>>> print(open('target.csv').read())   # CSV, C-alpha atoms
chain,number,residue,atom,x,y,z
A,1,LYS,CA,117.4,110.6,112.5
A,2,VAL,CA,118.1,107.0,113.5
A,3,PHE,CA,114.6,105.5,113.0
A,4,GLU,CA,113.6,101.8,112.5
A,5,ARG,CA,112.8,99.6,109.4
A,6,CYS,CA,109.0,100.1,109.4
A,7,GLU,CA,109.4,104.0,109.6
A,8,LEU,CA,111.5,103.9,106.3
A,9,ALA,CA,108.6,102.1,104.6
A,10,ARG,CA,106.1,104.9,105.3
A,11,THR,CA,108.8,107.6,105.0
A,12,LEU,CA,109.4,106.7,101.3
A,13,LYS,CA,105.7,106.0,100.7
A,14,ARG,CA,104.8,109.5,102.1
A,15,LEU,CA,107.2,111.0,99.6
A,16,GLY,CA,106.0,108.8,96.7
A,17,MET,CA,109.0,106.4,96.4
A,18,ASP,CA,106.8,103.4,97.0
A,19,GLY,CA,106.8,101.7,93.5
A,20,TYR,CA,108.8,104.4,91.7
A,21,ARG,CA,110.9,104.0,88.5
A,22,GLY,CA,109.7,100.4,88.3
A,23,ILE,CA,111.3,99.5,91.7
A,24,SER,CA,109.4,98.9,94.9
A,25,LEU,CA,110.0,100.4,98.4
A,26,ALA,CA,110.9,96.8,99.5
A,27,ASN,CA,114.2,97.1,97.6
A,28,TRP,CA,114.6,100.7,98.7
A,29,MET,CA,114.2,99.8,102.5
A,30,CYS,CA,116.4,96.7,102.3
A,31,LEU,CA,119.2,99.0,101.0
A,32,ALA,CA,118.7,101.7,103.7
A,33,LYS,CA,119.2,98.9,106.3
A,34,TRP,CA,122.9,98.2,105.4
A,35,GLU,CA,123.4,101.7,103.9
A,36,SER,CA,122.7,103.7,107.2
A,37,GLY,CA,120.5,101.3,109.3
A,38,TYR,CA,117.3,103.4,108.7
A,39,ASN,CA,119.2,106.5,109.8
A,40,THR,CA,118.8,109.9,107.9
A,41,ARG,CA,121.5,111.6,109.9
A,42,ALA,CA,123.9,108.7,108.9
A,43,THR,CA,126.7,110.3,106.7
A,44,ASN,CA,130.1,108.9,105.5
A,45,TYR,CA,133.3,110.9,104.9
A,46,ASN,CA,136.2,110.8,102.4
A,47,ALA,CA,140.0,111.0,102.6
A,48,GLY,CA,141.0,113.6,100.0
A,49,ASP,CA,138.2,112.7,97.5
A,50,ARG,CA,135.7,115.7,98.0
A,51,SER,CA,132.8,113.2,98.1
A,52,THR,CA,131.1,113.0,101.5
A,53,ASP,CA,128.0,110.7,101.8
A,54,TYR,CA,125.0,112.5,103.4
A,55,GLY,CA,121.5,111.1,104.0
A,56,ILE,CA,119.9,107.7,104.7
A,57,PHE,CA,121.0,106.4,101.2
A,58,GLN,CA,124.6,107.7,101.6
A,59,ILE,CA,124.8,110.3,98.8
A,60,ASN,CA,128.3,111.6,98.0
A,61,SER,CA,128.8,115.4,97.7
A,62,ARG,CA,130.7,115.3,94.4
A,63,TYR,CA,128.2,113.8,91.9
A,64,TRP,CA,124.7,114.3,93.7
A,65,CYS,CA,124.7,117.4,95.9
A,66,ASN,CA,126.9,120.2,97.4
A,67,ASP,CA,127.6,120.2,101.2
A,68,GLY,CA,128.9,123.8,101.1
A,69,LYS,CA,132.6,124.0,99.9
A,70,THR,CA,132.8,120.9,97.6
A,71,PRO,CA,134.2,121.9,94.2
A,72,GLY,CA,133.8,118.4,92.7
A,73,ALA,CA,130.0,118.5,93.6
A,74,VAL,CA,128.1,118.3,90.3
A,75,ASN,CA,124.8,119.3,92.0
A,76,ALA,CA,122.8,116.6,90.2
A,77,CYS,CA,120.0,116.7,92.9
A,78,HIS,CA,120.5,120.5,93.1
A,79,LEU,CA,120.4,120.9,96.9
A,80,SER,CA,122.5,120.9,100.1
A,81,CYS,CA,124.0,117.5,101.2
A,82,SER,CA,123.6,118.7,104.8
A,83,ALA,CA,119.8,118.6,104.3
A,84,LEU,CA,120.1,114.9,103.4
A,85,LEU,CA,121.3,114.1,106.9
A,86,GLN,CA,118.7,116.5,108.5
A,87,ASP,CA,115.4,115.2,109.9
A,88,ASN,CA,113.6,116.4,106.6
A,89,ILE,CA,113.7,113.4,104.2
A,90,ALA,CA,112.6,115.5,101.2
A,91,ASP,CA,116.2,116.2,100.3
A,92,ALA,CA,117.2,112.5,100.8
A,93,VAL,CA,114.3,111.4,98.6
A,94,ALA,CA,114.6,114.2,96.0
A,95,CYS,CA,118.3,113.4,95.7
A,96,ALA,CA,117.7,109.6,95.8
A,97,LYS,CA,115.2,109.9,93.0
A,98,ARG,CA,117.8,111.7,90.8
A,99,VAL,CA,120.3,108.8,91.5
A,100,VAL,CA,117.8,106.2,90.3
A,101,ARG,CA,116.5,108.5,87.5
A,102,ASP,CA,119.7,107.6,85.6
A,103,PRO,CA,120.1,104.5,83.4
A,104,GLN,CA,121.6,102.6,86.4
A,105,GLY,CA,118.5,103.0,88.5
A,106,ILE,CA,118.8,101.4,92.0
A,107,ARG,CA,122.2,99.9,91.2
A,108,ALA,CA,124.4,102.9,92.1
A,109,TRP,CA,125.4,101.5,95.5
A,110,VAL,CA,127.1,98.1,95.6
A,111,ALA,CA,125.3,97.1,98.9
A,112,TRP,CA,122.1,96.9,96.8
A,113,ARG,CA,123.5,94.2,94.4
A,114,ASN,CA,125.4,92.5,97.3
A,115,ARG,CA,122.4,91.8,99.7
A,116,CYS,CA,119.4,92.9,97.5
A,117,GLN,CA,120.4,92.2,93.9
A,118,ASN,CA,116.9,91.2,92.5
A,119,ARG,CA,116.3,89.3,95.9
A,120,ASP,CA,113.0,88.8,97.7
A,121,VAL,CA,112.9,92.1,99.7
A,122,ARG,CA,109.1,92.4,99.7
A,123,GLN,CA,109.0,91.3,103.4
A,124,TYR,CA,110.8,94.6,104.4
A,125,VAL,CA,107.7,96.7,103.6
A,126,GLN,CA,105.0,93.9,103.6
A,127,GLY,CA,103.4,93.9,107.1
A,128,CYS,CA,104.5,97.4,108.4
A,129,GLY,CA,101.1,98.9,109.4
A,130,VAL,CA,100.7,101.8,106.9
>>> encode(input="target.csv", output="structure tokens")
Amino acid sequence: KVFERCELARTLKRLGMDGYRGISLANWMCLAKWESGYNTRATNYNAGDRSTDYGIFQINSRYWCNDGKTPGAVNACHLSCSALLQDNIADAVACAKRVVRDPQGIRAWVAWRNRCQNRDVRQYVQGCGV
């Protein structure tokens, strides 16, 4: 749901995202701040695009998961977009991993290279109390 910044640090560390694919949770948490404000239920919609963002990392339902009746959904994460907004973060993390597993990495969302493009984001997870 709508949690705080420190919760996101332990949330990704509990799943194993802390220091995954060469990136650190510090960059992953700084993105969730502007992406959904540390909110898993946060989801964006589309106007005739068949791509609804679902999850704390805003994942569209046309190239990552399928919400239910989305034909464009490629099912990259292979799951339900609705689970990404649910309290369970496993779908948000499992689908987020697939997004960074590509050659782009953590550069899929523009908000990451706008406020965290190779910036000092270590303070986001450093000093949380894990």
>>> atom_distance(input="target.csv", atom1="CA of residue 57 (chain A)", atom2="CA of residue 127 (chain A)")
22.4 Å
>>> residues_around(input="target.csv", residues="residue 123 (chain A)", least_positions_apart="3", cutoff="12 Å", atoms="only C-alpha atoms", output="list in words")
residues 5, 6, 9, 24, 25, 26, 27, 28, 29, 30, 119, 120, 126, 127 and 128 of chain A
>>> residues_around(input="target.csv", residues="residue 75 (chain A)", least_positions_apart="2", cutoff="9 Å", atoms="only C-alpha atoms", output="list in words")
residues 61, 62, 63, 64, 65, 66, 73, 77, 78, 79 and 80 of chain A
>>> axis_aligned_box(input="target.csv", around="region 65-79 of chain A", padding_each_side="6 Å", output="AutoDock Vina command-line options")
--center_x 127.1 --center_y 120.3 --center_z 95.7 --size_x 26.2 --size_y 19.4 --size_z 23.0
>>> closest_residue(input="target.csv", among="A:17, A:31, A:2, A:81", to="residue 107 (chain A)", atoms="all atoms listed in the file")
A:31
>>> closest_residue(input="target.csv", among="A:60, A:83, A:36, A:21", to="residue 104 (chain A)", atoms="all atoms listed in the file")
A:21
>>> residues_around(input="target.csv", residues="residue 22 (chain A)", least_positions_apart="4", cutoff="10 Å", atoms="all atoms listed in the file", output="MDAnalysis selection string")
chainID A and resid 18 105:106
>>> write_last_selection(input="target.csv", atoms="C-alpha atoms", output="short mmCIF file (atom, residue, chain, number, x, y, z; two decimals), in the coordinates of the input")
data_model
loop_
_atom_site.label_atom_id
_atom_site.label_comp_id
_atom_site.auth_asym_id
_atom_site.auth_seq_id
_atom_site.Cartn_x
_atom_site.Cartn_y
_atom_site.Cartn_z
CA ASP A 18 106.80 103.40 97.00
CA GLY A 105 118.50 103.00 88.50
CA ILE A 106 118.80 101.40 92.00
#
>>> atom_distance(input="target.csv", atom1="CA of residue 130 (chain A)", atom2="CA of residue 14 (chain A)")
10.0 Å
>>> decode(input="target.csv", residues="region 77-112 of chain A", atoms="N, CA and C atoms", output="mmCIF file, in the first residue's frame")
data_model
loop_
_atom_site.group_PDB
_atom_site.id
_atom_site.type_symbol
_atom_site.label_atom_id
_atom_site.label_comp_id
_atom_site.auth_asym_id
_atom_site.auth_seq_id
_atom_site.Cartn_x
_atom_site.Cartn_y
_atom_site.Cartn_z
ATOM 1 N N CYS A 77 6.804 -10.201 -17.665
ATOM 2 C CA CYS A 77 6.937 -10.691 -16.256
ATOM 3 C C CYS A 77 6.137 -11.994 -16.084
ATOM 4 N N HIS A 78 5.166 -12.227 -16.952
ATOM 5 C CA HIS A 78 4.323 -13.465 -16.880
ATOM 6 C C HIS A 78 3.508 -13.495 -15.577
ATOM 7 N N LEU A 79 2.652 -12.519 -15.385
ATOM 8 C CA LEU A 79 1.805 -12.478 -14.148
ATOM 9 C C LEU A 79 0.621 -11.516 -14.338
ATOM 10 N N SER A 80 -0.078 -11.209 -13.274
ATOM 11 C CA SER A 80 -1.242 -10.284 -13.368
ATOM 12 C C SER A 80 -0.831 -8.883 -12.921
ATOM 13 N N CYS A 81 -1.093 -7.895 -13.738
ATOM 14 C CA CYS A 81 -0.731 -6.488 -13.363
ATOM 15 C C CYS A 81 -1.443 -6.103 -12.059
ATOM 16 N N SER A 82 -2.633 -6.621 -11.842
ATOM 17 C CA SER A 82 -3.385 -6.304 -10.587
ATOM 18 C C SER A 82 -2.546 -6.676 -9.356
ATOM 19 N N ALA A 83 -1.868 -7.807 -9.391
ATOM 20 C CA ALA A 83 -1.020 -8.223 -8.222
ATOM 21 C C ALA A 83 0.073 -7.180 -7.942
ATOM 22 N N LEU A 84 0.523 -6.478 -8.958
ATOM 23 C CA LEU A 84 1.585 -5.441 -8.753
ATOM 24 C C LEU A 84 1.076 -4.328 -7.824
ATOM 25 N N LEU A 85 -0.200 -4.015 -7.884
ATOM 26 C CA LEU A 85 -0.757 -2.950 -6.994
ATOM 27 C C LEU A 85 -1.205 -3.559 -5.656
ATOM 28 N N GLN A 86 -1.351 -4.861 -5.603
ATOM 29 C CA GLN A 86 -1.786 -5.527 -4.340
ATOM 30 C C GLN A 86 -0.704 -5.389 -3.260
ATOM 31 N N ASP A 87 -1.046 -5.667 -2.023
ATOM 32 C CA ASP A 87 -0.044 -5.548 -0.913
ATOM 33 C C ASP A 87 1.176 -6.441 -1.178
ATOM 34 N N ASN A 88 0.978 -7.598 -1.771
ATOM 35 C CA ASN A 88 2.139 -8.502 -2.064
ATOM 36 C C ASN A 88 3.103 -7.820 -3.045
ATOM 37 N N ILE A 89 4.335 -7.633 -2.638
ATOM 38 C CA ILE A 89 5.340 -6.966 -3.533
ATOM 39 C C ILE A 89 6.031 -7.984 -4.455
ATOM 40 N N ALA A 90 5.844 -9.266 -4.215
ATOM 41 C CA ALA A 90 6.499 -10.307 -5.075
ATOM 42 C C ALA A 90 6.236 -10.039 -6.562
ATOM 43 N N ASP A 91 5.017 -9.719 -6.933
ATOM 44 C CA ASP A 91 4.730 -9.441 -8.376
ATOM 45 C C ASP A 91 5.435 -8.149 -8.807
ATOM 46 N N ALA A 92 5.380 -7.113 -7.993
ATOM 47 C CA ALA A 92 6.065 -5.832 -8.356
ATOM 48 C C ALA A 92 7.571 -6.081 -8.508
ATOM 49 N N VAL A 93 8.151 -6.836 -7.602
ATOM 50 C CA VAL A 93 9.613 -7.145 -7.682
ATOM 51 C C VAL A 93 9.879 -8.112 -8.848
ATOM 52 N N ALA A 94 9.142 -9.198 -8.925
ATOM 53 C CA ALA A 94 9.346 -10.183 -10.040
ATOM 54 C C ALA A 94 9.203 -9.494 -11.403
ATOM 55 N N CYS A 95 8.260 -8.589 -11.534
ATOM 56 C CA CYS A 95 8.084 -7.872 -12.834
ATOM 57 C C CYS A 95 9.148 -6.774 -12.966
ATOM 58 N N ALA A 96 9.480 -6.108 -11.880
ATOM 59 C CA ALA A 96 10.537 -5.049 -11.933
ATOM 60 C C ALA A 96 11.853 -5.685 -12.385
ATOM 61 N N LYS A 97 12.189 -6.819 -11.811
ATOM 62 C CA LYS A 97 13.443 -7.535 -12.199
ATOM 63 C C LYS A 97 13.460 -7.768 -13.714
ATOM 64 N N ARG A 98 12.377 -8.273 -14.260
ATOM 65 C CA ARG A 98 12.304 -8.521 -15.738
ATOM 66 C C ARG A 98 12.543 -7.218 -16.517
ATOM 67 N N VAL A 99 12.076 -6.102 -16.002
ATOM 68 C CA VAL A 99 12.283 -4.794 -16.707
ATOM 69 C C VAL A 99 13.771 -4.429 -16.716
ATOM 70 N N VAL A 100 14.445 -4.623 -15.608
ATOM 71 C CA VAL A 100 15.901 -4.288 -15.544
ATOM 72 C C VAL A 100 16.742 -5.437 -16.119
ATOM 73 N N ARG A 101 16.177 -6.622 -16.208
ATOM 74 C CA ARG A 101 16.922 -7.786 -16.785
ATOM 75 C C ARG A 101 17.279 -7.510 -18.258
ATOM 76 N N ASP A 102 16.597 -6.572 -18.883
ATOM 77 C CA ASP A 102 16.883 -6.235 -20.317
ATOM 78 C C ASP A 102 18.199 -5.441 -20.425
ATOM 79 N N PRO A 103 18.611 -5.156 -21.646
ATOM 80 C CA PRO A 103 19.865 -4.380 -21.866
ATOM 81 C C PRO A 103 19.732 -2.940 -21.337
ATOM 82 N N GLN A 104 18.523 -2.435 -21.203
ATOM 83 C CA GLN A 104 18.342 -1.044 -20.670
ATOM 84 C C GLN A 104 18.670 -1.013 -19.171
ATOM 85 N N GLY A 105 18.229 -2.007 -18.433
ATOM 86 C CA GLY A 105 18.514 -2.051 -16.966
ATOM 87 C C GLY A 105 17.522 -1.162 -16.215
ATOM 88 N N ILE A 106 18.015 -0.317 -15.345
ATOM 89 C CA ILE A 106 17.111 0.591 -14.567
ATOM 90 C C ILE A 106 16.894 1.922 -15.318
ATOM 91 N N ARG A 107 16.940 1.893 -16.630
ATOM 92 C CA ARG A 107 16.727 3.142 -17.426
ATOM 93 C C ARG A 107 15.411 3.061 -18.221
ATOM 94 N N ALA A 108 14.504 2.194 -17.825
ATOM 95 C CA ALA A 108 13.202 2.076 -18.554
ATOM 96 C C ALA A 108 12.326 3.306 -18.281
ATOM 97 N N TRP A 109 12.304 3.776 -17.055
ATOM 98 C CA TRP A 109 11.476 4.974 -16.718
ATOM 99 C C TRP A 109 12.317 6.251 -16.831
ATOM 100 N N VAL A 110 11.756 7.287 -17.406
ATOM 101 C CA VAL A 110 12.507 8.574 -17.560
ATOM 102 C C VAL A 110 12.729 9.248 -16.196
ATOM 103 N N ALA A 111 11.839 9.033 -15.251
ATOM 104 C CA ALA A 111 12.007 9.653 -13.897
ATOM 105 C C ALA A 111 13.322 9.191 -13.249
ATOM 106 N N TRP A 112 13.835 8.041 -13.639
ATOM 107 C CA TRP A 112 15.123 7.560 -13.046
ATOM 108 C C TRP A 112 16.291 8.389 -13.587
#
